[PDB]
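J.: Starting from these lines, generate the structure:
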Amino acid sequence: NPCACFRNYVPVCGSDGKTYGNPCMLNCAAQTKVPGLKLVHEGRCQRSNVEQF
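T.: Numbering: from 1, shown residues only. There you are, the coordinates:
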C-alpha cells in the first residue's frame with residue numbers, strides 16, 4: 001500500500017508544488033491523487049509566508 005505511511009515529518013516538495021509530510025506520503029499521493037507526482041526536492045516547498053516564515 002502506497003498510502004500506508006507513518007506521519008514522521010520528513011518534508012519533501014512535490015512537483016505539484018505541494019509539500020508532503022514524508023516521501024511515503026508523497027508516493028501515496030503519486031499513486032492516488034496526483035498522477036506523475038515527483039519528489040522534486042528535500043524540505044518543504046518554498047512559499048514565503050506560508051511554508052516558511
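J.: gap between the residue sitting nearest the centre point of the chain and residue 53?
T.: With distances taken as C-alpha atoms, centre = their mean, residue 20 lies nearest the centre of the chain, 2.2 Å away. According to C-beta to C-beta, to the nearest Å, residue 20 stands 20 Å off from residue 53. In this view, the C-beta of every residue, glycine as well, is placed from N, C-alpha and C.
J.: sorry, back to before: got phi/psi on the residue nearest to the centre of the chain?
T.: Here is the backbone geometry of residue 20 (degrees, to the nearest 10): phi -110, psi 150.
J.: Who is it paired with across the strands?
T.: Here residue 20 shows beta-bridge partners residue 12, assigned using DSSP bridges.
J.: Please verify my assumption that residue 21 contacts residue 14.
T.: No - the criterion here is C-beta atoms under 8 Å, and residue 21 misses it with residue 14 at 10.9 Å.
J.: out of these two, which sits in the busier spot?
T.: A direct count of neighbours by other C-beta atoms under 10 Å for residue 21 and residue 14 places residue 14 higher, at 21 against 17.
J.: which residues does that one contact?
T.: 20, 26, 29, 30, 34, 37, 38, 39, 40, 45 (C-beta atoms under 8 Å, 6 or more residues apart in numbering).
J.: Done for today, thanks.
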